[PDB]
**Student:** 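I'd like to ask you about the structure that follows.
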Amino acid sequence: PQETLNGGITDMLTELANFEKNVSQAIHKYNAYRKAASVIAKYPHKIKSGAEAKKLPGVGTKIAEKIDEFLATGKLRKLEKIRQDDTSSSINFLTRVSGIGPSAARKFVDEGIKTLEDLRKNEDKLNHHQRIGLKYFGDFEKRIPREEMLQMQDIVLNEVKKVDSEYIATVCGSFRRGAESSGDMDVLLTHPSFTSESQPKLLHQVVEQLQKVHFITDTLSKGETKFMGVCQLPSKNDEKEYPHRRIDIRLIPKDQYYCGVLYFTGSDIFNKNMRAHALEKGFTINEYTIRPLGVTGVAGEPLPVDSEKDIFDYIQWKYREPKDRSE
DNA sequence: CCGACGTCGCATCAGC
DNA sequence: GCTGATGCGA
DNA sequence: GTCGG
Ligand SMILES: Cc1cn([C@H]2C[C@H](O)[C@@H](COP(=O)(O)NP(=O)(O)OP(=O)(O)O)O2)c(=O)[nH]c1=O
Ligand SMILES: [Mn+2]
Ligand SMILES: [Mn+2]
Ligand code: NA
Ligand code: NA
């Protein structure tokens, strides 16, 4: 499948998906449209009719009809209409600010606040997260070249070890799968002193060090186990400076760590296949653990895990490199 | 016909 | 002031 | 909106 092979259809479906989530607040319709757009994006033929498309899992009657209208006319009356709707288009747009969801966007537009400019005029109505999202609106929509990610990893691994050399840190997500660009940086953190059985400054101390060396620039949220924030590489001499980036750091017990690494490495569809299969061998994998069923379905206690590959053993599959986990 | 469909940590709100 | 609900991101 | 018990 190439980009423009069914691009107009998947663009249409994705656009419909966003208005469902952001304006209609119909979240299951949101996933319905995305699932349709995903299965169509994978389909290796230029679609000729809605009936043709309806054969794919997740494409039903209503989308089949919409595809017919699109193929025949090059557009969709309902989408064109909501595109001109000042209220609805504004609500959908404002949700592009991290921290502004469907609800907040709704209330902003209710009281006349419709644009980024409007948001800038109204700081006192923004919470902390929303202000950061506004401040880095442009930066947050850019992707991160692997080269910068590697440099980001350099700093994170270095500063983590410097705080305590017994920390274990892993940059997972699309980076660990070897993607040539990434949307954010997903850092997983553990330490021998932290198990399920059992201080919680363990995460605080890492964040503070990365702040001290001015890598982490802002904080969206921060608890005892999960940090969400903003970071930036140092500017290489008198050159154009780097965009601010999203970084997550989360602290995981040692005995749950590699289940965590596996999950937060992904990808999405790989994770389900691997969750999905492995059902058919009587195990339940979650973000934290693998547990055995269970002759009529009662999960017993979590099994020991000390490597990624461990999990693969349990469910009888060859350890697969992160590089081949897109599906 | 009709309910499932993605869950969970953190920030902030709503109610007492 | 405390407890639970809601919004949010991913 | 789609699927399926
Ligand atoms: C959000 C999400 C994440 N994950 C796992 C797989 C993701 O690859 C991994 C990290 O989530 P991500 O950062 O939201 N996606 P990504 O890192 O693969 O891609 P990107 O570069 O951030 O765009 O965690 C899921 O399995 N289901 C999810 O719904
Ligand atoms: Mn990521
Ligand atoms: Mn992420
Ligand atoms: Na179908
Ligand atoms: Na948003």
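Chain identifiers are assigned alphabetically (A, B, ...) following the order of the sequence lines, protein sequences preceding nucleic acid strands; residue numbering begins at 1 within each chain.
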**Student:** Please confirm whether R325(A) makes a cation-pi placement over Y263(A), using NZ or CZ under 6.0 Å from the six-membered ring centre and within 45° of the ring normal.
**Tutor:** no
**Student:** Please name all residues satisfying side chain to side chain donor-acceptor pair (under 3.5 Å) with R96(A), sequence neighbours left out, ordered by chain then number.
**Tutor:** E141(A)
**Student:** Tell me, which of residues 103-116 of chain A have any heavy atom that sits under 4.0 Å from an atom in DNA chain C?
**Tutor:** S103(A), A104(A)
**Student:** Inspect the contact between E69(A) and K66(A) and indicate whether a charged nitrogen and a carboxylate oxygen are less than 4.0 angstrom apart.
**Tutor:** no
**Student:** On DNA chain D, which is the earliest and which the latest nucleotide, 5' to 3', with an atom closer than 4.0 Å to a heavy atom of chain A?
**Tutor:** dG1(D) to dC3(D)
**Student:** Expected output is a numbered-order residue list: members of residues 13-38 of chain A with a heavy atom under 4.0 Å from any atom of DNA chain C. What is it?
**Tutor:** none
**Student:** Just how far, in rounded Å, is P of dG9(C) from CD of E141(A)?
**Tutor:** 13 Å
**Student:** Classify the ring geometry of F283(A) against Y314(A): parallel below 30°, tilted from 30° to 60°, perpendicular beyond 60°.
**Tutor:** tilted
**Student:** Are the side chains of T225(A) and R250(A) in touch, meaning some heavy atoms are under 4.5 Å apart?
**Tutor:** no
**Student:** Provide, to the nearest angstrom, the distance between the CZ atom belonging to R250(A) and the P atom belonging to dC8(B).
**Tutor:** 12 Å
**Student:** Taking atom types as modelled, is there a side-chain donor on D11(A) or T14(A) under 3.5 Å from an acceptor on the other?
**Tutor:** no
**Student:** Kindly determine whether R245(A) and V230(A) satisfy side chain to side chain contact (heavy atoms under 4.5 Å, CB included), including the steps that lead there.
**Tutor:** CA-CA 5 Å; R245(A) 311 293 197 180; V230(A) 187; over 6 Å; no
**Student:** If you measure from the P atom in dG4(D) to the same atom in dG6(B), how many Å do you get, rounded?
**Tutor:** 13 Å
**Student:** For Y43(A) and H45(A), take the angle between the two ring planes, folded into 0 to 90°, and tell me which bin it lands in: parallel under 30, tilted 30 to 60, perpendicular over 60.
**Tutor:** perpendicular
**Student:** Protein-nucleotides 9-13 of chain B N/O pairs closer than 3.5 Å?
**Tutor:**
{"residue": "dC10(B)", "atom": "OP1", "partner": "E224(A)", "partner atom": "N", "Å": "3.2"}
{"residue": "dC10(B)", "atom": "OP1", "partner": "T225(A)", "partner atom": "N", "Å": "3.0"}
{"residue": "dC10(B)", "atom": "OP1", "partner": "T225(A)", "partner atom": "OG1", "Å": "3.1"}
{"residue": "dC10(B)", "atom": "OP1", "partner": "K226(A)", "partner atom": "N", "Å": "3.0"}
{"residue": "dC10(B)", "atom": "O3'", "partner": "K222(A)", "partner atom": "N", "Å": "3.4"}
{"residue": "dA11(B)", "atom": "OP1", "partner": "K222(A)", "partner atom": "N", "Å": "3.1"}
{"residue": "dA11(B)", "atom": "OP1", "partner": "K222(A)", "partner atom": "O", "Å": "3.3"}

**Student:** So, for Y30(A) and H28(A), is the gap between ring centers shorter than 6.0 Å?
**Tutor:** no
**Student:** If you take any heavy atom closer than 4.0 Å to DNA chain C, which residues from residues 89-99 of chain A end up in contact?
**Tutor:** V97(A), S98(A), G99(A)
**Student:** Ion pair present between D248(A) and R246(A), side-chain N to carboxylate O less than 4.0 angstrom?
**Tutor:** yes
**Student:** Between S174(A) and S182(A), do the side chains contain a donor N or O and an acceptor N or O under 3.5 Å apart?
**Tutor:** yes
**Student:** Under a 3.5 Å cutoff, is there a donor and acceptor pairing between the side chains of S196(A) and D255(A)?
**Tutor:** yes
**Student:** Rounded to whole Å, how long is the line connecting atom CD1 of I100(A) with atom P of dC8(C)?
**Tutor:** 9 Å
**Student:** Less than 4.0 angstrom from a charged side-chain N to a carboxylate O is my criterion; do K212(A) and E159(A) meet it?
**Tutor:** no
**Student:** Determine whether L303(A) and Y258(A) fall in the same hydrophobic cluster, where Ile, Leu, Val, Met, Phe, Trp and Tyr are linked whenever their side-chain heavy atoms lie under 4.5 Å apart.
**Tutor:** yes
**Student:** Do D310(A) and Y319(A) pass the side chain to side chain contact (heavy atoms under 4.5 Å, CB included) test, and can you show the C-alpha distance, the side-chain angles, and the key distance before you say yes or no?
**Tutor:** CA-CA 8 Å; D310(A) 260 26; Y319(A) 174 86; over 6 Å; no
**Student:** In this structure, how many angstroms lie between the P atom of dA10(C) and the CG atom of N271(A), rounded?
**Tutor:** 17 Å
